[PDB]
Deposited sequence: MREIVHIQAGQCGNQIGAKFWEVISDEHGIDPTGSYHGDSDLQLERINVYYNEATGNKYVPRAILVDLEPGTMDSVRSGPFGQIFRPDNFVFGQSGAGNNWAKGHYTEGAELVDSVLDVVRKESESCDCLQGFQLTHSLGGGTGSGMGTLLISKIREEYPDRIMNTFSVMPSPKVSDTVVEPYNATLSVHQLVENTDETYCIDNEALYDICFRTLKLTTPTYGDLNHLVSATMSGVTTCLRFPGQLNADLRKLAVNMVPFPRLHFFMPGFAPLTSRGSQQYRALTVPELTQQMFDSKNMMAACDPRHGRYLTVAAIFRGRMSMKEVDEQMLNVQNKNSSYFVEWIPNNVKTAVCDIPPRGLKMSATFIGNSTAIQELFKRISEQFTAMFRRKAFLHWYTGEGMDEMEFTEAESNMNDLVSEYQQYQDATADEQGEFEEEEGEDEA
């Protein structure tokens, strides 16, 4: 269990994806030219999980960059780490998908799908022992959502015994008021429930709410929202990238975090929350469990934790962390299911992120996530009831029964979360 093949699809997928490579390259001592300038031998110990070793001891990201819109490739290259990507790993079409899930999944997206798979095969066969895949995408557009899910199902057919993990960005009218986004997101959730092993739910609603109410930015931008996303992606991948006592991989996280196959949607969290260009263990434990630090717009105190994983980064007493973790499970006991014993796992990493002396990253599988699913469901139903813009989808080959089926699956998912929230250990 070593290498990860990362794929980034569509505009949101590529922008969050680029920020991820920039942030983790900095932590690992890697520069935009691909050379290692780090001071700690702990930065190269598990460097092969995300980087390919190349001639001249150059480190190339095992990343594949995909979009139906061509202009995206130009924005990726013009970034700070733009030239670090493999020039052959860019698969870009000519005609975008204009927020149409059907275009991404059935017509324009399906034409460029065998091309992406050729690049996936090449990176996968060059791996000593492939762990699985990591996809970054939004669910509200057409390419990341429609083509992204198609790519997932295709990869799942070729590599069934490997883990499929996604960083999926959920829509909010607060960031984008494009009324077809609940359609696109609901169609994609229907695919994600079946075809991924683990999904990090990154909600634009929560990101906006943090920037506006906690960080006091009255006009938040994509840059501002992506600053919370990059810190979250850095934190949740800490244990895949740094040695530690645990030899963590994507499959060990799945076995331990996911008790029922469909309930694989995680609510990530981060502390401390900070803005661009601008702490003790008890405070960090508290903040990490506060609804205002969650990356999904759900109150954890409205549901119950099935499983939790927490990563404390920086220099600190491991005994103090053990003490505070047990303390948070005592006073907040009614928020953990009593039928999954020892369901909170903690790791400590010596290397902290950029700009922070200490940090904590939370990964929760909570029944409170049903709030996020109900919000999108209510919007999908308001639109679907009036059959608004339905022809934009059915004209691409889609059957109206696919909408009915997607809505039916997402409501079944909410009922399943509610079922385990009300279950007792008797």
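Enquirer: I have the full deposited sequence and the modelled structure. Can you tell me which residue ranges, counted from 1, have no C-alpha coordinates?
Expert: No C-alpha coordinates exist for 279 to 283, 432 to 445.
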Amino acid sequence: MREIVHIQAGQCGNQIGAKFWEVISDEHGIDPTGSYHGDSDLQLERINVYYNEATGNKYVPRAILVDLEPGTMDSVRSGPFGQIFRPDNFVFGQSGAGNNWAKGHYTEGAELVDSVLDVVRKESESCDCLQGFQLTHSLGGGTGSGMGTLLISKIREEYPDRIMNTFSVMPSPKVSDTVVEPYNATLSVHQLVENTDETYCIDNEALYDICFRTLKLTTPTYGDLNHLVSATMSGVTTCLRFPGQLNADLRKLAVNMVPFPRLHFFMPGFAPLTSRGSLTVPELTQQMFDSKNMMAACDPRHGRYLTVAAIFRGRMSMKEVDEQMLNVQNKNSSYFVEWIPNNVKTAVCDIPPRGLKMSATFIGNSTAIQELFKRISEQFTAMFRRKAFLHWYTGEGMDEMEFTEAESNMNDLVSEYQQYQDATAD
From here on, numbers count along this sequence of modelled residues.
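By rigid core we mean the largest C-alpha set that fits within 1.5 Å across both forms.
Enquirer: Say the other structures are aligned on the rigid core; which stretch then has the higher CA RMS in 8 other deposited structures of this protein, 197 to 205 or 237 to 245?
Expert: Between 197 to 205 and 237 to 245, the one lying farther away in 8 other deposited structures of this protein is 237 to 245.
Enquirer: Say the other structures are aligned on the rigid core; which stretch then has the higher CA RMS in 8 other deposited structures of this protein, 246 to 254 or 324 to 332?
Expert: The stretch that sits farther from the shown form in 8 other deposited structures of this protein is 246 to 254.
Enquirer: Check whether residue 277 goes without coordinates in at least a third of the other compared PDB entries of this protein that model residues on both sides of it.
Expert: Yes: coordinates for residue 277 absent from at least a third of the compared entries.
Enquirer: On mean C-alpha B-factor from the PDB entry, just flag whether 251 to 259 or 92 to 100 is the higher one.
Expert: The stretch with the larger mean CA B-factor is 92 to 100.
Enquirer: For the higher mean C-alpha B factor in the entry, choose 102 to 110 or 279 to 287.
Expert: So the stretch with the higher mean C-alpha B-factor is 279 to 287.
Enquirer: Can you tell me which of 313, 302, 77, 345 has the maximum CA B-factor listed in the PDB entry?
Expert: Answer, based on the entry's C-alpha B-factors: 77.
Enquirer: By the CA temperature factor listed in this entry, which of these ranks top: 340, 246, 236, 207?
Expert: By C-alpha B-factor in the record, 246 ranks first.
Enquirer: For the chain shown, is the CA B-factor of residue 372 in the lowest, middle or highest third of its modelled residues?
Expert: Lowest third, going by the recorded CA B-factors of the chain.
Enquirer: Quick check on the deposited entry: does the C-alpha B-factor of residue 385 sit in the lowest, middle or highest third of its chain?
Expert: Lowest third, going by the recorded CA B-factors of the chain.
Enquirer: Where does residue 63 sit by CA temperature factor within its chain: lowest, middle or highest third?
Expert: Middle third, going by the recorded CA B-factors of the chain.
Enquirer: Should residue 297 be placed in the lowest, middle or highest third of its chain by the C-alpha B factor in the entry?
Expert: According to the entry, residue 297 has a C-alpha B-factor in the chain's lowest third.
Enquirer: If you rank the chain by CA B-factor, which third does residue 224 end up in: lowest, middle or highest?
Expert: For residue 224, whose C-alpha B-factor we compare with every modelled residue in the chain, the answer is the middle third.
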